[PDB]
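**Student:** Have a look at this one.
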4 protein chains.
Amino acid sequence: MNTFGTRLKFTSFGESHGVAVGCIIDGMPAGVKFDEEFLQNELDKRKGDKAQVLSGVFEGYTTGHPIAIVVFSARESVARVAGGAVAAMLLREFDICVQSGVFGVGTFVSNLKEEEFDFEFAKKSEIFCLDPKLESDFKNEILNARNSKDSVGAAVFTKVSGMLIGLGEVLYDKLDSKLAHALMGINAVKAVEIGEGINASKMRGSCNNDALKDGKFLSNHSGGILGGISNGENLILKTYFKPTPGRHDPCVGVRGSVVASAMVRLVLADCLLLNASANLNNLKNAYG
Amino acid sequence: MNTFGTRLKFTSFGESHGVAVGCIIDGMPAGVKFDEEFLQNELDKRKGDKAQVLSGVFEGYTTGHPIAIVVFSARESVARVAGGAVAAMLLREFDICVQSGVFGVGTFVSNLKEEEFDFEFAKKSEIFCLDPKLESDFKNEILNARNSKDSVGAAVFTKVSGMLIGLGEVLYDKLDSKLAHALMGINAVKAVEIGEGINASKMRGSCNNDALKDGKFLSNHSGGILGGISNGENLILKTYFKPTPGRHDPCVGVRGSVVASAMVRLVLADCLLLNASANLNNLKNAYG
Amino acid sequence: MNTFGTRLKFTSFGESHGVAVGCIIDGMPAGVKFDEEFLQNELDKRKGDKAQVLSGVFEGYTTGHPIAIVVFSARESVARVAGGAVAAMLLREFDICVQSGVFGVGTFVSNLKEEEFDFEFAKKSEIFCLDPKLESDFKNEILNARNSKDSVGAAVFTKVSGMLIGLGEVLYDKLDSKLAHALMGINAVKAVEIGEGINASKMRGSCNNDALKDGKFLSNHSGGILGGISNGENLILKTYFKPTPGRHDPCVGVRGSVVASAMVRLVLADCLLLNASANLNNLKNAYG
Amino acid sequence: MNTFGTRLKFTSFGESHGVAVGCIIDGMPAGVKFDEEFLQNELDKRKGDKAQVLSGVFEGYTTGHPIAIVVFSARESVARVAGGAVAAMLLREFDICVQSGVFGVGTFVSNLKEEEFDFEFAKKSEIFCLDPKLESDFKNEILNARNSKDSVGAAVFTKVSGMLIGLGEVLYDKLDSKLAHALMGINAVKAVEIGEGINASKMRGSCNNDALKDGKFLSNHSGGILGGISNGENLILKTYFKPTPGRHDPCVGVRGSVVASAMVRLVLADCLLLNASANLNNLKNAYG
């Protein structure tokens with residue numbers, strides 16, 4: 001299957017000889033400011049090949065029809081990114097921001113606070129480092145791994161802000177499930193964490209519990225998901241990449257962070273449409 | 001959505017007042033020895049309410065039609081187990097065995113080898129302990145957490161043996177994806193690992209690489225999945241449960257281990273059918 | 001597969017011994033006046049066994065969760081009706097009305113105008129006759145077919161009024177497609193017509209063309225669908241039943257008309273939800 | 001949605017400016033003699049632009065991966081044909097043949113027997129005529145309709161031979177349903193018949209009943225489908241096209257016959273894969 005998503009179906013098709021890859025995003029609502037720049041830029045982040053929008057858009061706005069795109073087994077990575085880009089366009093309309101970066105490389109793992117990683121620094125970093133104190137070690141560790149004609153794993157951090165509430169189809173299409181599915185699906189990924197993650201297993205209810213009783217939530221141990229639906233809080237997702245199975249990629253977890261973003265994008269933009277008609281009020285409003 | 005799976009769709013429906021829950025397994029091939037005992041027994045493992053097969057079976061064998069079952073928001077847990085039971089029946093026909101147990105409770109986390117946990121001991125344990133040296137600490141930790149009117153997290157280990165090769169639909173329905181989706185979807189789950197897991201991120205290619213060149217695979221760092229498809233090796237899956245949000249459940253990760261099994265069951269029995277027609281030879285054989 | 005629909009999934013499960021059948025409607029928006037009477041009444045139309053709503057509703061309104069129902073291979077017919085009933089509840093909120101009746105029995109086929117069949121008479125008729133001038137012939141034809149220990153076919157007419165515009169997912173989930181799929185799927189059905197039907201094949205563009213240029217549409221040859229999406233006009237659907245393969249059913253096309261309604265109901269209530277997020281404006285409105 | 005099918009998903013993407021269209025066939029089993037000629041020829045039948053296979057094939061055989069193809073809102077018709085072509089390749093391996101032709105144009109409707117239409121003549125006809133006695137009238141009727149700057153409807157006949165038994169997922173994915181859905185979905189289609197069709201409604205059980213008791217079936221009133229699953233007999237499908245809404249197309253039902261074939265192809269090749277794992281025996285055989 002080369003298609004992904006319930007309502008916002010993403011499909012990537014290959015092309016032997018690797019001349020170019022391509023994706024199809026179906027399900028995008030009409031009337032969306034199509035920033036073909038933000039698209040082209042995102043594609044430059046991975047392994048950093050121009051994207052050519054074939055349809056679904058006219059006069060700078062989405063038509064509401066399938067948006068075909070071609071960029072010059074295939075290397076799906078390129079497609080996953082294009083598609084995610086497009087989905088971020090619908091996410092911006094709701095001020096939902098998804099960003100990721102490398103916080104661990106080899107035996108070097110930043111021991112900072114989740115909401116303490118420097119995304120500003122990440123954007124300007126050649127490796128998307130989130131801890132400026134270890135940015136030199138990651139590079140060295142990677143370079144060392146390269147020259148040695150070897151590879152090294154990496155730990156990615158994906159944070160999502162401006163989260164709405166109720167995103168996620170409870171029971172068998174929960175936001176964490178979908179996220180886990182899209183992230184584990186990424187090449188080289190061998191583990192996925194949401195919030196406290198593995199550590200939540202070693203805690204007690206009295207320490208993991210996130211209460212509010214008043215305004216918003218106090219603590220965010222949950223990672224931004226409760227019962228499989230988003231609670232409004234930021235999204236704390238961690239994707240761990242194994243070492244790639246100078247040339248080749250001594251640390252694919254770097255390029256992988258860019259893909260982990262695209263995937264989390266597609267999912268969220270997918271739940272966003274799925275949860276549209278979850279309320280009769282919404283529905284009447286939808287039909288005037 | 002209360003339905004799950006591509007070809008082997010599992011569906012659970014609730015019943016207010018909690019009188020009883022129910023599930024529907026559609027997609028099961030006809031002619032399968034229906035061990036209604038193995039079903040009833042599995043249901044006794046969780047929180048340890050009789051299962052009443054409504055259809056899909058006749059004269060001890062599956063008819064090939066939807067197998068309705070009723071057991072006395074609902075408590076899906078019971079349903080997920082019934083359904084998984086049924087799927088294990090199809091898995092037995094291929095000698096695929098799925099088993100799980102608790103290896104960590106609170107700050108007590110067994111530091112044994114994956115293929116070293118005692119499943120024999122697990123079966124006889126009231127808490128499915130996989131490390132007999134910590135079985136007393138888990139109990140104590142749980143009891144302590146109970147009396148304190150509090151809860152505690154837990155780390156589950158799911159091992160699958162007799163694995164076939166090629167199970168898993170590459171690209172967007174990979175065996176790890178599906179597994180991650182079904183496991184993260186479980187209540188209280190906040191992390192999922194496959195094989196080396198988070199640790200693979202701190203390794204180097206030269207240490208994670210699983211080679212063979214001759215007979216089977218040497219090392220099993222991959223956890224039994226490569227490229228999203230099973231490679232034959234056992235399945236190393238780890239599900240981390242957070243503390244439940246004497247009465248109540250001071251450690252739902254115990255009951256959760258029973259569910260983590262059912263879910264991994266449904267998935268595997270699902271890929272098993274999906275990968276049926278992946279080869280023209282198979283197909284001709286299928287149609288004589 | 002016992003599930004039906006894209007967003008509004010209908011699922012019917014059987015029960016050997018025919019003690020009772022059951023259905024599950026998942027996807028229904030929360031906050032919908034649940035008229036359990038209209039449900040119970042519709043069930044009395046077919047072959048004219050009480051319906052017991054198990055969930056999805058609380059205090060007279062839909063919760064937004066799967067609505068389980070049980071009524072006392074199975075006889076799906078009963079389920080299809082229950083499910084359709086529930087879907088009509090969501091359709092009423094938009095004043096979409098779906099009604100059907102028998103207009104042909106055996107060699108007796110009413111030659112009246114589409115928008116001329118008497119639905120008022122149909123409701124009061126024991127056979128849902130739409131042409132009061134042939135109501136005696138249908139009965140006789142049926143009775144004759146009964147006593148003869150034989151069966152007879154029938155032609156059903158389903159009209160849908162208060163149609164919204166844009167219902168239907170263009171390309172491969174068009175409103176006519178879905179309708180054709182749900183109707184042909186009905187037992188005994190061997191033909192399906194939309195509007196002019198077979199006759200449109202013998203016409204010329206200059207006679208089939210439905211223009212407007214001003215207010216609404218002039219003629220309704222299209223049957224209420226253009227390009228696979230509804231245009232606002234009424235829906236003209238015709239389902240032809242073959243003779244059943246005193247006892248037994250000498251003319252199942254009568255009971256079948258009741259089912260043809262339920263099915264057209266499910267579909268429309270399904271496109272209604274699918275077309276919710278087709279517009280960014282709608283979406284923003286949906287999320288306030 | 002631009003994707004079609006349960007297991008054999010067909011997807012067509014457009015390209016503004018109409019430079020070219022494209023389709024993706026995912027789900028095709030590996031190891032299938034890819035006759036890129038039969039593909040290119042079929043494309044020449046519609047409106048009678050070279051097809052360029054992008055992937056899914058290597059060394060003349062299908063790899064088992066998505067088969068991308070590009071041919072120079074879009075005009076889906078071209079894509080539907082390419083895709084159907086590919087599916088016929090899998091159908092040939094089971095000697096399932098699907099052929100269609102025009103049997104009615106305007107007020108001229110061949111009154112021959114179903115199994116009496118000349119397909120040999122059809123192949124050589126510029127309009128796929130199935131009744132050589134009316135081939136001059138259809139042409140004239142079409143020409144007349146052209147010069148008049150008008151259009152005319154048409155009646156298509158699709159026959160499928162070498163039918164296997166059991167093709168079709170009972171309940172909500174029956175072979176007739178799928179067929180009705182794929183055919184009604186075609187542009188200009190307003191009616192669909194299976195076997196006796198509308199006429200079966202005017203018959204009596206004693207005349208429609210198809211018995212055997214010995215070898216194969218005696219009569220074929222059913223059209224080759226019973227209970228929603230194929231019974232082995234040929235497939236009798238009729239698709240009625242309305243008049244197109246010298247230039248333009250005065251009778252799109254001609255080109256439409258070529259598409260009605262492709263669609264019936266995709267469906268059958270889809271049920272063929274779906275019904276693979278319907279039997280445990282088949283399954284064991286599939287896995288050796």
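By convention here, the chains of the structure tokens are called A, B, ... in the order presented, each chain's residues are numbered starting at 1, and ligands are numbered starting at 1 in the order presented.
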Neighbouring residues of region 202-215 of chain D were defined as those with any atom within 10 Å, considering only C-alpha atoms; residues of the same chain fewer than 6 positions away were excluded. Please report them as a PyMOL selection string.
**Tutor:** (chain C and resi 104-109+145+149-155+240-245+250-251) or (chain D and resi 196+221-222+226)
**Student:** Just write the chosen residues, N, CA and C atoms, as a CSV table (one decimal), in the first residue's frame.
**Tutor:**
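Writing the result to out_29.csv gives the following:
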chain,number,residue,atom,x,y,z
C,104,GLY,N,-44.5,-1.5,-9.7
C,104,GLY,CA,-44.6,-2.5,-10.7
C,104,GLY,C,-44.6,-3.9,-10.1
C,105,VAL,N,-45.5,-4.8,-10.5
C,105,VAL,CA,-45.5,-6.1,-10.0
C,105,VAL,C,-45.9,-7.0,-11.2
C,106,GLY,N,-45.0,-7.9,-11.5
C,106,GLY,CA,-45.2,-8.8,-12.6
C,106,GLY,C,-45.3,-8.0,-13.9
C,107,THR,N,-46.3,-8.4,-14.8
C,107,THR,CA,-46.5,-7.7,-16.0
C,107,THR,C,-47.3,-6.4,-15.8
C,108,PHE,N,-47.6,-6.1,-14.6
C,108,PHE,CA,-48.3,-4.8,-14.3
C,108,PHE,C,-47.4,-3.8,-13.8
C,109,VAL,N,-47.1,-2.8,-14.7
C,109,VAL,CA,-46.1,-1.7,-14.4
C,109,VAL,C,-46.7,-0.3,-14.6
C,145,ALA,N,-49.5,-15.5,-7.6
C,145,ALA,CA,-48.2,-16.1,-7.5
C,145,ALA,C,-48.0,-16.9,-6.3
C,149,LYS,N,-47.8,-21.4,-5.7
C,149,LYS,CA,-46.5,-21.9,-5.1
C,149,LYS,C,-45.4,-21.4,-6.0
C,150,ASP,N,-45.4,-20.1,-6.3
C,150,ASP,CA,-44.4,-19.5,-7.2
C,150,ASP,C,-44.1,-18.1,-6.7
C,151,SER,N,-43.3,-17.4,-7.4
C,151,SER,CA,-43.0,-16.0,-6.9
C,151,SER,C,-43.1,-15.1,-8.1
C,152,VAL,N,-42.9,-13.8,-7.9
C,152,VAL,CA,-43.0,-12.8,-8.9
C,152,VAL,C,-42.1,-11.6,-8.6
C,153,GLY,N,-41.5,-11.0,-9.7
C,153,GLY,CA,-40.6,-9.8,-9.5
C,153,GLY,C,-41.4,-8.6,-9.1
C,154,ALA,N,-40.7,-7.4,-9.0
C,154,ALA,CA,-41.3,-6.1,-8.7
C,154,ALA,C,-40.3,-5.0,-9.0
C,155,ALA,N,-40.9,-3.8,-9.2
C,155,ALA,CA,-40.1,-2.6,-9.5
C,155,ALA,C,-40.3,-1.5,-8.4
C,240,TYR,N,-35.1,-2.7,-9.4
C,240,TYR,CA,-35.9,-3.8,-9.9
C,240,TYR,C,-35.6,-5.1,-9.2
C,241,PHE,N,-36.6,-5.7,-8.6
C,241,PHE,CA,-36.4,-6.9,-7.9
C,241,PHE,C,-36.9,-8.1,-8.8
C,242,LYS,N,-36.1,-9.2,-8.7
C,242,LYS,CA,-36.5,-10.4,-9.4
C,242,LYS,C,-37.4,-11.2,-8.5
C,243,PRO,N,-38.0,-12.2,-9.1
C,243,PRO,CA,-38.9,-13.1,-8.3
C,243,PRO,C,-38.1,-13.9,-7.3
C,244,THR,N,-38.6,-14.0,-6.1
C,244,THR,CA,-38.0,-14.7,-5.0
C,244,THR,C,-37.6,-16.1,-5.5
C,245,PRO,N,-36.3,-16.5,-5.2
C,245,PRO,CA,-35.8,-17.9,-5.6
C,245,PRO,C,-36.5,-19.0,-4.9
C,250,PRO,N,-43.9,-14.6,-2.0
C,250,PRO,CA,-44.2,-14.6,-3.5
C,250,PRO,C,-43.8,-13.3,-4.2
C,251,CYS,N,-43.4,-12.3,-3.4
C,251,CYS,CA,-42.9,-11.1,-4.0
C,251,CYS,C,-42.1,-10.3,-3.0
D,196,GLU,N,-31.1,-10.8,-16.6
D,196,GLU,CA,-32.4,-10.4,-17.0
D,196,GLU,C,-32.7,-8.9,-16.8
D,221,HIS,N,-30.2,-16.6,-16.3
D,221,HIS,CA,-31.0,-15.4,-16.0
D,221,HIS,C,-30.3,-14.5,-15.0
D,222,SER,N,-29.6,-15.2,-14.1
D,222,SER,CA,-28.9,-14.5,-13.0
D,222,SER,C,-27.8,-13.6,-13.5
D,226,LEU,N,-25.0,-14.9,-8.0
D,226,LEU,CA,-26.1,-15.4,-7.1
D,226,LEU,C,-25.6,-15.1,-5.7
**Student:** Tell me the residues of chain D close to chain A, meaning within 6 Å using only C-alpha atoms, as a list in words.
**Tutor:** residues 15, 16, 54 and 55 of chain D
**Student:** So the first atom is CA of residue 247 (chain A) and the second is CA of residue 146 (chain A); what is the distance between them in Å, to one decimal place?
**Tutor:**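 Taking CA of residue 247 (chain A) as the start and CA of residue 146 (chain A) as the end point, the length is 7.7 Å.
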**Student:** Would you work out the distance separating CA of residue 183 (chain A) from CA of residue 255 (chain A), expressed in Å to one decimal?
**Tutor:**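 So the answer is 13.5 Å.
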**Student:** Please report, as a compact mmCIF listing (two decimals) with N, CA, C and O atoms, in the first residue's frame, each residue of region 143-281 of chain B to which DSSP assigns helix (DSSP H, G or I) when run on this structure's backbone.
**Tutor:**
# COMPACT_ATOMS: atom_id res chain seq x y z
N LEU B 143 1.42 -3.86 45.79
CA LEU B 143 0.67 -3.83 47.03
C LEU B 143 0.89 -2.44 47.68
O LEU B 143 -0.07 -1.74 48.02
N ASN B 144 2.15 -2.05 47.83
CA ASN B 144 2.46 -0.76 48.42
C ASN B 144 1.69 0.34 47.70
O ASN B 144 1.09 1.19 48.33
N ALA B 145 1.73 0.30 46.37
CA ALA B 145 1.03 1.29 45.56
C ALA B 145 -0.47 1.24 45.81
O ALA B 145 -1.16 2.26 45.75
N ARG B 146 -0.99 0.05 46.10
CA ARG B 146 -2.42 -0.11 46.37
C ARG B 146 -2.79 0.55 47.69
O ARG B 146 -3.50 1.56 47.71
N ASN B 147 -2.30 -0.02 48.78
CA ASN B 147 -2.58 0.49 50.12
C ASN B 147 -2.43 2.01 50.18
O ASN B 147 -3.21 2.69 50.85
N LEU B 175 4.69 -4.16 9.35
CA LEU B 175 4.42 -4.90 10.56
C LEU B 175 4.77 -4.11 11.83
O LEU B 175 4.05 -4.20 12.83
N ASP B 176 5.85 -3.34 11.81
CA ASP B 176 6.16 -2.56 13.02
C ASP B 176 5.13 -1.44 13.20
O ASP B 176 4.64 -1.22 14.31
N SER B 177 4.77 -0.75 12.11
CA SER B 177 3.75 0.30 12.17
C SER B 177 2.49 -0.25 12.83
O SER B 177 2.05 0.25 13.86
N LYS B 178 1.90 -1.27 12.22
CA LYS B 178 0.69 -1.88 12.75
C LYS B 178 0.87 -2.24 14.20
O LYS B 178 -0.03 -2.03 15.00
N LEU B 179 2.01 -2.80 14.54
CA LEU B 179 2.23 -3.21 15.91
C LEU B 179 2.24 -2.02 16.83
O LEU B 179 1.62 -2.05 17.90
N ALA B 180 2.93 -0.97 16.41
CA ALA B 180 3.04 0.26 17.19
C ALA B 180 1.69 0.90 17.40
O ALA B 180 1.40 1.44 18.47
N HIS B 181 0.86 0.83 16.36
CA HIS B 181 -0.47 1.40 16.36
C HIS B 181 -1.38 0.63 17.31
O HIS B 181 -2.10 1.23 18.13
N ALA B 182 -1.35 -0.70 17.24
CA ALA B 182 -2.18 -1.50 18.13
C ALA B 182 -1.73 -1.45 19.60
O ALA B 182 -2.57 -1.47 20.49
N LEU B 183 -0.42 -1.37 19.84
CA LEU B 183 0.11 -1.31 21.19
C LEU B 183 -0.04 0.09 21.84
O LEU B 183 -0.56 0.19 22.96
N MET B 184 0.39 1.15 21.15
CA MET B 184 0.24 2.53 21.68
C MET B 184 -1.23 2.78 21.94
O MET B 184 -1.59 3.51 22.86
N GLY B 197 15.35 -1.13 20.46
CA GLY B 197 14.60 0.04 20.88
C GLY B 197 15.37 1.36 21.00
O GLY B 197 16.15 1.74 20.13
N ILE B 198 15.12 2.06 22.10
CA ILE B 198 15.78 3.34 22.32
C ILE B 198 17.30 3.18 22.27
O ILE B 198 18.01 4.06 21.80
N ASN B 199 17.77 2.04 22.77
CA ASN B 199 19.20 1.74 22.80
C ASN B 199 19.84 1.67 21.42
O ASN B 199 21.02 1.97 21.24
N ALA B 200 19.07 1.26 20.42
CA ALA B 200 19.64 1.19 19.10
C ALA B 200 20.07 2.58 18.68
O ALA B 200 20.93 2.72 17.82
N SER B 201 19.49 3.62 19.27
CA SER B 201 19.84 4.98 18.87
C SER B 201 21.25 5.38 19.31
O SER B 201 21.89 6.24 18.69
N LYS B 202 21.73 4.73 20.37
CA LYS B 202 23.05 4.98 20.94
C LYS B 202 24.12 4.03 20.42
O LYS B 202 25.25 4.06 20.90
N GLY B 205 26.36 1.33 13.53
CA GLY B 205 26.00 0.33 12.54
C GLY B 205 26.71 -1.00 12.72
O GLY B 205 26.10 -2.07 12.58
N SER B 206 28.00 -0.95 13.03
CA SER B 206 28.81 -2.15 13.22
C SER B 206 28.39 -3.02 14.39
O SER B 206 28.86 -4.16 14.51
N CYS B 207 27.52 -2.51 15.26
CA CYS B 207 27.06 -3.27 16.43
C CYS B 207 25.57 -3.65 16.36
O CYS B 207 25.15 -4.60 17.02
N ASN B 208 24.80 -2.92 15.56
CA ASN B 208 23.37 -3.19 15.42
C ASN B 208 23.07 -4.13 14.26
O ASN B 208 22.11 -4.90 14.30
N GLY B 253 -0.68 -2.32 34.14
CA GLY B 253 0.27 -2.89 33.20
C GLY B 253 0.27 -4.41 33.26
O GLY B 253 0.79 -5.08 32.37
N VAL B 254 -0.30 -4.98 34.32
CA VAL B 254 -0.36 -6.43 34.44
C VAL B 254 -1.46 -6.91 33.51
O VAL B 254 -1.19 -7.72 32.62
N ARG B 255 -2.68 -6.42 33.71
CA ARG B 255 -3.82 -6.79 32.85
C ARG B 255 -3.44 -6.38 31.43
O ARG B 255 -3.76 -7.07 30.46
N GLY B 256 -2.73 -5.27 31.31
CA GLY B 256 -2.34 -4.77 30.00
C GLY B 256 -1.46 -5.72 29.21
O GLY B 256 -1.47 -5.68 27.98
N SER B 257 -0.69 -6.55 29.90
CA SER B 257 0.18 -7.48 29.20
C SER B 257 -0.70 -8.47 28.45
O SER B 257 -0.37 -8.87 27.33
N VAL B 258 -1.81 -8.87 29.06
CA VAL B 258 -2.74 -9.81 28.43
C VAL B 258 -3.35 -9.21 27.16
O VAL B 258 -3.59 -9.91 26.18
N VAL B 259 -3.59 -7.90 27.19
CA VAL B 259 -4.16 -7.20 26.05
C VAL B 259 -3.10 -6.97 24.98
O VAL B 259 -3.38 -7.08 23.79
N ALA B 260 -1.88 -6.64 25.40
CA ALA B 260 -0.80 -6.43 24.45
C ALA B 260 -0.64 -7.71 23.61
O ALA B 260 -0.26 -7.64 22.44
N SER B 261 -0.95 -8.86 24.21
CA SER B 261 -0.86 -10.11 23.47
C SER B 261 -1.95 -10.19 22.41
O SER B 261 -1.67 -10.40 21.24
N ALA B 262 -3.20 -10.00 22.84
CA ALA B 262 -4.34 -10.04 21.94
C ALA B 262 -4.12 -9.14 20.73
O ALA B 262 -4.31 -9.57 19.60
N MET B 263 -3.72 -7.90 20.98
CA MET B 263 -3.47 -6.95 19.90
C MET B 263 -2.39 -7.42 18.93
O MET B 263 -2.56 -7.30 17.71
N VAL B 264 -1.28 -7.93 19.45
CA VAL B 264 -0.22 -8.39 18.56
C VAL B 264 -0.72 -9.60 17.79
O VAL B 264 -0.28 -9.89 16.68
N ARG B 265 -1.69 -10.29 18.38
CA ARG B 265 -2.27 -11.46 17.75
C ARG B 265 -3.05 -10.98 16.53
O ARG B 265 -2.74 -11.39 15.41
N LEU B 266 -4.04 -10.12 16.76
CA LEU B 266 -4.88 -9.59 15.68
C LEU B 266 -4.05 -9.09 14.51
O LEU B 266 -4.31 -9.44 13.35
N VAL B 267 -3.04 -8.27 14.79
CA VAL B 267 -2.20 -7.76 13.72
C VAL B 267 -1.58 -8.90 12.91
O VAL B 267 -1.83 -9.01 11.71
N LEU B 268 -0.78 -9.76 13.55
CA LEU B 268 -0.14 -10.87 12.84
C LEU B 268 -1.12 -11.72 12.02
O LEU B 268 -0.82 -12.06 10.87
N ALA B 269 -2.27 -12.05 12.60
CA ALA B 269 -3.25 -12.85 11.89
C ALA B 269 -3.82 -12.02 10.76
O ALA B 269 -4.44 -12.55 9.84
N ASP B 270 -3.62 -10.71 10.83
CA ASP B 270 -4.11 -9.82 9.78
C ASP B 270 -3.09 -9.79 8.63
O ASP B 270 -3.47 -9.94 7.48
N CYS B 271 -1.80 -9.63 8.94
CA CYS B 271 -0.79 -9.60 7.88
C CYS B 271 -0.72 -10.94 7.18
O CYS B 271 -0.38 -11.03 5.99
N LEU B 272 -1.03 -11.99 7.94
CA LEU B 272 -0.99 -13.36 7.44
C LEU B 272 -1.95 -13.53 6.26
O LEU B 272 -1.64 -14.23 5.29
N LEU B 273 -3.12 -12.89 6.35
CA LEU B 273 -4.11 -12.95 5.29
C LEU B 273 -3.75 -11.95 4.18
O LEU B 273 -3.87 -12.25 2.99
N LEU B 274 -3.28 -10.77 4.56
CA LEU B 274 -2.90 -9.77 3.57
C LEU B 274 -1.80 -10.24 2.63
O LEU B 274 -1.82 -9.94 1.45
N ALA B 276 -1.25 -13.14 1.65
CA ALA B 276 -1.63 -14.36 0.96
C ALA B 276 -1.40 -14.26 -0.54
O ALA B 276 -0.64 -15.03 -1.12
N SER B 277 -2.07 -13.30 -1.16
CA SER B 277 -1.99 -13.09 -2.60
C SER B 277 -0.85 -12.19 -3.06
O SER B 277 -0.99 -11.48 -4.06
N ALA B 278 0.28 -12.23 -2.37
CA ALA B 278 1.42 -11.38 -2.74
C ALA B 278 2.24 -12.02 -3.84
O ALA B 278 3.18 -11.40 -4.37
N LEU B 280 1.91 -14.55 -7.44
CA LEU B 280 1.09 -15.22 -8.44
C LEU B 280 1.08 -16.73 -8.27
O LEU B 280 0.06 -17.39 -8.52
N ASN B 281 2.22 -17.28 -7.85
CA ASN B 281 2.34 -18.72 -7.63
C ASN B 281 1.35 -19.10 -6.53
O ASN B 281 0.51 -19.99 -6.70
**Student:** When you draw a straight line from CA of residue 129 (chain C) to CA of residue 232 (chain C), how long is it in Å?
**Tutor:** 26.3 Å
**Student:** Using the chain letters and numbers from this document, which residues of region 11-249 of chain D does DSSP assign to strand (DSSP E or B), as a compact mmCIF listing (two decimals) with C-alpha atoms, in the first residue's frame?
**Tutor:**
# COMPACT_ATOMS: atom_id res chain seq x y z
CA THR D 11 -5.52 5.59 -8.32
CA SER D 12 -5.60 8.28 -11.00
CA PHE D 13 -4.03 11.68 -10.62
CA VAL D 21 -2.93 11.90 -17.05
CA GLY D 22 -1.61 9.14 -14.82
CA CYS D 23 -2.64 6.15 -12.74
CA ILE D 24 -1.21 3.92 -10.01
CA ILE D 25 -2.14 0.28 -9.59
CA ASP D 26 -1.19 -1.03 -6.17
CA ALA D 30 4.53 -10.13 -8.34
CA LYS D 33 3.88 -11.28 -17.61
CA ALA D 51 1.65 4.93 -22.08
CA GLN D 52 4.92 5.06 -20.16
CA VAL D 53 5.21 2.45 -17.41
CA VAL D 57 7.70 -3.93 -13.46
CA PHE D 58 11.20 -5.19 -14.25
CA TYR D 61 7.35 -9.12 -15.15
CA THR D 62 5.47 -7.37 -12.35
CA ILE D 67 2.84 0.15 -11.05
CA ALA D 68 3.01 3.83 -11.94
CA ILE D 69 1.99 4.86 -15.45
CA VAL D 70 1.80 8.16 -17.32
CA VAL D 71 0.08 8.74 -20.65
CA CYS D 97 -11.92 -12.62 -20.45
CA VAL D 98 -13.83 -9.36 -20.35
CA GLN D 99 -15.21 -7.82 -23.56
CA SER D 100 -17.82 -5.15 -24.34
CA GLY D 101 -19.50 -3.46 -27.29
CA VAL D 102 -22.34 -1.13 -28.36
CA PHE D 103 -25.67 -2.83 -28.96
CA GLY D 104 -27.92 0.18 -28.96
CA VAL D 105 -27.69 3.71 -30.27
CA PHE D 108 -31.94 1.68 -32.61
CA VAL D 109 -31.61 -1.15 -30.10
CA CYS D 129 -21.24 -2.78 -32.87
CA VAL D 152 -27.21 10.66 -28.51
CA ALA D 154 -26.10 4.34 -26.18
CA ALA D 155 -26.47 0.88 -24.59
CA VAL D 156 -23.30 -1.08 -23.78
CA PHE D 157 -22.93 -4.83 -23.32
CA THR D 158 -20.12 -6.30 -21.22
CA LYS D 159 -19.63 -10.04 -21.29
CA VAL D 160 -17.16 -11.89 -19.09
CA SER D 161 -16.21 -15.50 -19.87
CA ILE D 165 -16.65 -19.38 -8.76
CA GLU D 169 -17.17 -10.60 -0.82
CA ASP D 173 -18.70 -5.99 -1.22
CA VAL D 189 -24.05 6.25 -17.15
CA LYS D 190 -27.61 6.33 -15.87
CA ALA D 191 -28.54 2.64 -15.62
CA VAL D 192 -26.97 -0.75 -14.97
CA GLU D 193 -28.32 -4.23 -15.59
CA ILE D 194 -27.19 -7.67 -14.56
CA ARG D 204 -42.11 -15.27 -12.16
CA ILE D 225 -24.02 -13.80 -9.96
CA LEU D 226 -26.06 -15.38 -7.14
CA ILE D 229 -20.86 -14.11 -5.57
CA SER D 230 -20.10 -15.40 -9.10
CA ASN D 231 -21.46 -18.87 -9.91
CA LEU D 235 -21.18 -12.36 -16.80
CA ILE D 236 -24.06 -10.44 -18.41
CA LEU D 237 -23.66 -6.75 -17.62
CA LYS D 238 -25.40 -3.91 -19.41
CA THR D 239 -24.44 -0.24 -19.05
CA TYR D 240 -26.69 2.48 -20.49
CA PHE D 241 -25.10 5.75 -21.47
**Student:** For residue 31 (chain C), which of C:5, C:90, C:220, C:50 is the closest residue, counting only C-alpha atoms?
**Tutor:**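 Nearest to residue 31 (chain C): C:90.
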